[PDB]
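See below for run_26.cif, which holds mmCIF, C-alpha atoms.
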data_model
loop_
_atom_site.label_atom_id
_atom_site.label_comp_id
_atom_site.auth_asym_id
_atom_site.auth_seq_id
_atom_site.Cartn_x
_atom_site.Cartn_y
_atom_site.Cartn_z
CA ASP H 871 14.56 99.78 -44.45
CA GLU H 872 11.21 98.41 -45.63
CA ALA H 873 12.27 94.76 -45.52
CA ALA H 874 13.55 95.07 -41.94
CA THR H 875 10.28 96.72 -40.92
CA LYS H 876 8.23 93.94 -42.51
CA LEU H 877 10.28 91.33 -40.64
CA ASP H 878 9.21 92.96 -37.37
CA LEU H 879 5.61 93.25 -38.55
CA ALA H 880 5.70 89.56 -39.47
CA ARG H 881 6.85 88.81 -35.91
CA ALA H 882 3.94 90.91 -34.65
CA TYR H 883 1.49 88.85 -36.72
CA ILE H 884 3.08 85.66 -35.39
CA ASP H 885 2.47 87.00 -31.86
CA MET H 886 -1.22 87.42 -32.64
CA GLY H 887 -1.55 84.02 -34.29
CA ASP H 888 -2.23 85.55 -37.69
CA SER H 889 -0.07 83.03 -39.54
CA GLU H 890 -1.50 83.73 -43.00
CA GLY H 891 -0.82 87.44 -42.52
CA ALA H 892 2.71 86.69 -41.35
CA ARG H 893 3.29 84.37 -44.31
CA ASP H 894 2.25 87.01 -46.86
CA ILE H 895 4.48 89.62 -45.20
CA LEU H 896 7.45 87.24 -45.11
CA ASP H 897 6.87 86.80 -48.85
CA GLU H 898 7.24 90.56 -49.29
CA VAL H 899 10.60 90.31 -47.51
CA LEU H 900 11.70 87.60 -49.96
CA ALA H 901 10.99 90.07 -52.76
CA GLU H 902 12.39 93.22 -51.14
CA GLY H 903 15.13 92.12 -48.76
CA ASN H 904 18.83 91.59 -49.29
CA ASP H 905 20.23 88.06 -49.17
CA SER H 906 20.50 87.96 -45.37
CA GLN H 907 16.98 89.35 -44.91
CA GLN H 908 15.65 86.74 -47.34
CA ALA H 909 17.38 84.15 -45.16
CA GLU H 910 15.70 85.49 -42.02
CA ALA H 911 12.35 85.45 -43.83
CA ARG H 912 12.76 81.82 -44.91
CA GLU H 913 13.71 80.91 -41.33
CA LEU H 914 10.42 82.30 -40.05
CA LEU H 915 8.46 80.74 -42.92
CA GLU H 916 9.78 77.28 -42.05
CA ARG H 917 8.82 77.84 -38.42
CA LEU H 918 5.26 78.34 -39.65
CA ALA H 919 5.21 75.51 -42.22
CA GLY E 869 6.28 105.48 -52.39
CA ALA E 870 4.27 102.37 -53.20
CA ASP E 871 6.79 100.28 -51.27
CA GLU E 872 6.07 102.47 -48.24
CA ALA E 873 2.33 101.95 -48.72
CA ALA E 874 2.87 98.19 -48.73
CA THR E 875 4.60 98.56 -45.36
CA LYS E 876 1.84 100.81 -44.04
CA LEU E 877 -0.89 98.43 -45.26
CA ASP E 878 0.86 95.70 -43.26
CA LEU E 879 1.01 98.04 -40.26
CA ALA E 880 -2.64 99.07 -40.53
CA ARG E 881 -3.84 95.46 -40.80
CA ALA E 882 -1.76 94.67 -37.72
CA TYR E 883 -3.76 97.35 -35.91
CA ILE E 884 -6.99 95.76 -37.13
CA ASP E 885 -5.73 92.42 -35.82
CA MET E 886 -5.27 94.07 -32.42
CA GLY E 887 -8.64 95.81 -32.55
CA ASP E 888 -7.23 99.32 -32.86
CA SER E 889 -9.46 100.86 -35.52
CA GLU E 890 -8.35 104.42 -34.76
CA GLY E 891 -4.70 103.45 -35.15
CA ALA E 892 -5.45 101.75 -38.45
CA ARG E 893 -7.38 104.81 -39.62
CA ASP E 894 -4.47 107.26 -39.36
CA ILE E 895 -2.13 104.91 -41.23
CA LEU E 896 -4.66 104.02 -43.93
CA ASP E 897 -4.91 107.75 -44.62
CA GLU E 898 -1.23 107.67 -45.56
CA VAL E 899 -1.82 104.66 -47.81
CA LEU E 900 -4.41 106.72 -49.69
CA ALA E 901 -1.73 109.34 -50.31
CA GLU E 902 1.18 107.00 -51.04
CA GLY E 903 -0.11 103.81 -52.64
CA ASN E 904 -0.83 102.75 -56.20
CA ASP E 905 -4.35 102.21 -57.54
CA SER E 906 -4.47 98.69 -56.11
CA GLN E 907 -3.24 99.74 -52.66
CA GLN E 908 -5.60 102.72 -52.51
CA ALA E 909 -8.49 100.38 -53.29
CA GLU E 910 -7.39 98.06 -50.49
CA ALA E 911 -7.15 101.04 -48.13
CA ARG E 912 -10.64 102.18 -49.12
CA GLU E 913 -12.10 98.72 -48.50
CA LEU E 914 -10.45 98.49 -45.08
CA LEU E 915 -11.54 102.03 -44.17
CA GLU E 916 -15.14 101.15 -44.99
CA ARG E 917 -14.97 98.09 -42.73
CA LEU E 918 -13.74 100.29 -39.88
CA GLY R 869 -1.75 90.77 -21.16
CA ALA R 870 1.78 89.62 -21.93
CA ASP R 871 0.62 88.50 -25.37
CA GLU R 872 -0.52 92.00 -26.30
CA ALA R 873 2.67 93.48 -24.85
CA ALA R 874 4.76 91.08 -26.94
CA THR R 875 2.89 92.15 -30.07
CA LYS R 876 3.34 95.82 -29.22
CA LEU R 877 7.07 95.29 -28.65
CA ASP R 878 7.42 93.96 -32.20
CA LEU R 879 5.30 96.85 -33.49
CA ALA R 880 7.62 99.27 -31.70
CA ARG R 881 10.61 97.60 -33.36
CA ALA R 882 8.78 98.10 -36.66
CA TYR R 883 8.36 101.83 -35.99
CA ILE R 884 12.04 102.16 -35.15
CA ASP R 885 13.05 100.47 -38.40
CA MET R 886 10.71 102.88 -40.18
CA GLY R 887 12.61 105.73 -38.54
CA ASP R 888 9.41 106.63 -36.69
CA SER R 889 10.70 107.08 -33.14
CA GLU R 890 7.68 109.12 -32.02
CA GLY R 891 5.32 106.28 -32.92
CA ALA R 892 7.62 103.78 -31.24
CA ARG R 893 7.59 105.76 -27.98
CA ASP R 894 3.78 105.90 -27.85
CA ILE R 895 3.62 102.12 -28.29
CA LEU R 896 6.39 101.46 -25.77
CA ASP R 897 4.55 103.58 -23.19
CA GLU R 898 1.80 100.98 -23.40
CA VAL R 899 4.25 98.09 -23.02
CA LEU R 900 5.59 99.66 -19.81
CA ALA R 901 2.09 99.65 -18.34
CA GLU R 902 0.99 96.28 -19.72
CA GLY R 903 4.00 94.00 -19.96
CA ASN R 904 5.70 91.62 -17.56
CA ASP R 905 9.09 92.40 -16.03
CA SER R 906 10.97 91.08 -19.07
CA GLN R 907 8.82 92.99 -21.55
CA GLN R 908 9.06 96.16 -19.47
CA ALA R 909 12.83 95.73 -19.37
CA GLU R 910 12.95 95.46 -23.16
CA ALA R 911 10.75 98.54 -23.53
CA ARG R 912 13.12 100.49 -21.30
CA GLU R 913 16.10 99.25 -23.30
CA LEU R 914 14.46 100.29 -26.57
CA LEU R 915 13.51 103.71 -25.17
CA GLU R 916 17.02 104.43 -23.91
CA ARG R 917 18.47 103.43 -27.28
CA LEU R 918 16.09 105.88 -28.97
#
Translate the structure of the given file into structure tokens.
Amino acid sequence: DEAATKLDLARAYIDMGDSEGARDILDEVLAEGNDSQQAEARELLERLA
Amino acid sequence: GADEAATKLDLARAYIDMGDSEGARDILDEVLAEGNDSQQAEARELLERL
Amino acid sequence: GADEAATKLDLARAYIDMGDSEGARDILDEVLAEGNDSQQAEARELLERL
């Protein structure tokens, strides 16, 4: 699943302090993921905000 | 196809973030084969910076 | 040290979700050598699941 992969990649960016990169990837999840994946993405986005 | 290239572009840039140019290189090669015109152009730019 | 291992652990999870177990194993091999006890433990758990 591409959305689930991007969620992990977003977490990897967050590890490296690349917040802008993580943000853009989490936006891809919003577009690609199912409802629960969108939820997870928004959770991480808020944590950045 | 293009949705796989989007994933691989994210992966490759993660490798650049880490400083692994060689790792990025192998993946960017797959973006060149999989991605749309826009994604191929991004891959080419990144490859030239490596 | 533990920051790079944490990043690699998430990258490994990404490879697994891509169905790329071979790539995940190569990355996890690095976590085993680089990570703290907790990170190593997670790498082992991921490897045994794969």
Considering only C-alpha atoms, return as JSON, numbers by chain whatever protein or nucleic-acid residues lie within 9 Å of residue 871 in chain H, sequence-local ones (same chain, fewer than 4 positions apart) excluded.
{"H": [875, 876, 903], "R": [885, 886, 887]}
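Excluding residue 908 in chain R itself and same-chain residues fewer than 2 positions from it, the residues having an atom within 12 Å of it are residues 870, 873, 874, 876, 877, 895, 896, 897, 898, 899, 900, 901, 902, 903, 904, 905, 906, 910, 911, 912, 913, 914 and 915 of chain R, counting only C-alpha atoms.
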Distance-based interface of chain R with chain H, 6 Å, counting all atoms listed in the file, as JSON, numbers by chain:
{"R": [875, 878, 882, 885]}
Could those selected residues go to a file with C-alpha atoms, as a tab-separated table (two decimals), keeping the file's coordinate frame?
chain	number	residue	atom	x	y	z
R	875	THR	CA	2.89	92.15	-30.07
R	878	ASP	CA	7.42	93.96	-32.20
R	882	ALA	CA	8.78	98.10	-36.66
R	885	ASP	CA	13.05	100.47	-38.40
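Taking only C-alpha atoms, the non-local environment of residue 912 in chain H within 12 Å (same-chain residues fewer than 2 positions away omitted) comprises residues 877, 880, 892, 893, 894, 895, 896, 897, 898, 899, 900, 901, 903, 905, 906, 907, 908, 909, 910, 914, 915, 916, 917, 918 and 919 of chain H.
In this structure, CA of residue 879 in chain E sits 12.8 Å away from CA of residue 884 in chain R.
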Can you tell me how far CA of residue 871 in chain E sits from CA of residue 902 in chain H, in Å to one decimal?
9.0 Å
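With all atoms listed in the file as the atoms that count, the minimum distance from chain R to the choices E:890, E:872, E:916, E:907 is reached by E:872.
Atom to atom, CA of residue 892 in chain E and CA of residue 918 in chain R stand 23.9 Å apart.
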Could you rebuild range 891-912 of chain R with N, CA, C and O atoms and give it back as a CSV table (one decimal), keeping the file's coordinate frame?
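Contents of selection_18.csv, as written:
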chain,number,residue,atom,x,y,z
R,891,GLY,N,6.3,107.3,-33.0
R,891,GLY,CA,5.3,106.3,-32.9
R,891,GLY,C,5.8,105.1,-32.0
R,891,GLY,O,4.9,104.5,-31.4
R,892,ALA,N,7.1,104.8,-32.1
R,892,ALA,CA,7.6,103.8,-31.2
R,892,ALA,C,7.5,104.1,-29.7
R,892,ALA,O,7.2,103.2,-29.0
R,893,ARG,N,7.7,105.3,-29.4
R,893,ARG,CA,7.6,105.8,-28.0
R,893,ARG,C,6.2,105.6,-27.4
R,893,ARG,O,6.0,105.2,-26.3
R,894,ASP,N,5.2,106.0,-28.2
R,894,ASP,CA,3.8,105.9,-27.8
R,894,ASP,C,3.4,104.4,-27.6
R,894,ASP,O,2.7,104.1,-26.6
R,895,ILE,N,3.9,103.6,-28.4
R,895,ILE,CA,3.6,102.1,-28.3
R,895,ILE,C,4.3,101.5,-27.1
R,895,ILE,O,3.8,100.7,-26.3
R,896,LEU,N,5.6,101.9,-26.9
R,896,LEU,CA,6.4,101.5,-25.8
R,896,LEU,C,5.8,101.9,-24.4
R,896,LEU,O,6.0,101.2,-23.4
R,897,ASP,N,5.2,103.1,-24.4
R,897,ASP,CA,4.6,103.6,-23.2
R,897,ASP,C,3.5,102.6,-22.7
R,897,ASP,O,3.3,102.4,-21.5
R,898,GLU,N,2.8,102.0,-23.7
R,898,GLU,CA,1.8,101.0,-23.4
R,898,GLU,C,2.4,99.7,-22.9
R,898,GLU,O,1.9,99.0,-22.0
R,899,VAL,N,3.5,99.3,-23.5
R,899,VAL,CA,4.2,98.1,-23.0
R,899,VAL,C,4.7,98.2,-21.6
R,899,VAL,O,4.6,97.3,-20.8
R,900,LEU,N,5.2,99.4,-21.2
R,900,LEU,CA,5.6,99.7,-19.8
R,900,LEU,C,4.5,99.4,-18.8
R,900,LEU,O,4.7,99.0,-17.7
R,901,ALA,N,3.2,99.8,-19.2
R,901,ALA,CA,2.1,99.6,-18.3
R,901,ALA,C,1.5,98.3,-18.4
R,901,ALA,O,0.8,97.9,-17.5
R,902,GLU,N,1.7,97.5,-19.5
R,902,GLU,CA,1.0,96.3,-19.7
R,902,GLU,C,1.8,95.0,-19.6
R,902,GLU,O,1.3,94.0,-19.2
R,903,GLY,N,3.1,95.2,-19.9
R,903,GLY,CA,4.0,94.0,-20.0
R,903,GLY,C,4.5,93.4,-18.7
R,903,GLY,O,4.3,94.0,-17.6
R,904,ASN,N,5.1,92.2,-18.7
R,904,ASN,CA,5.7,91.6,-17.6
R,904,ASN,C,7.1,92.3,-17.4
R,904,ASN,O,7.4,93.2,-18.1
R,905,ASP,N,7.8,91.8,-16.4
R,905,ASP,CA,9.1,92.4,-16.0
R,905,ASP,C,10.1,92.4,-17.2
R,905,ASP,O,10.8,93.3,-17.5
R,906,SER,N,10.1,91.2,-17.9
R,906,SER,CA,11.0,91.1,-19.1
R,906,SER,C,10.6,92.0,-20.2
R,906,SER,O,11.5,92.7,-20.8
R,907,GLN,N,9.3,92.1,-20.5
R,907,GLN,CA,8.8,93.0,-21.6
R,907,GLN,C,9.1,94.5,-21.2
R,907,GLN,O,9.5,95.2,-22.1
R,908,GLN,N,8.8,94.8,-20.0
R,908,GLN,CA,9.1,96.2,-19.5
R,908,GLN,C,10.5,96.5,-19.6
R,908,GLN,O,10.9,97.6,-20.1
R,909,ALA,N,11.4,95.5,-19.3
R,909,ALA,CA,12.8,95.7,-19.4
R,909,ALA,C,13.3,96.0,-20.8
R,909,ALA,O,14.1,96.9,-21.1
R,910,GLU,N,12.7,95.3,-21.7
R,910,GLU,CA,13.0,95.5,-23.2
R,910,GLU,C,12.5,96.8,-23.6
R,910,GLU,O,13.2,97.5,-24.4
R,911,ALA,N,11.3,97.2,-23.2
R,911,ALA,CA,10.8,98.5,-23.5
R,911,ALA,C,11.7,99.6,-23.1
R,911,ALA,O,12.0,100.6,-23.8
R,912,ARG,N,12.2,99.5,-21.8
R,912,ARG,CA,13.1,100.5,-21.3
R,912,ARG,C,14.4,100.5,-22.1
R,912,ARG,O,14.9,101.6,-22.4
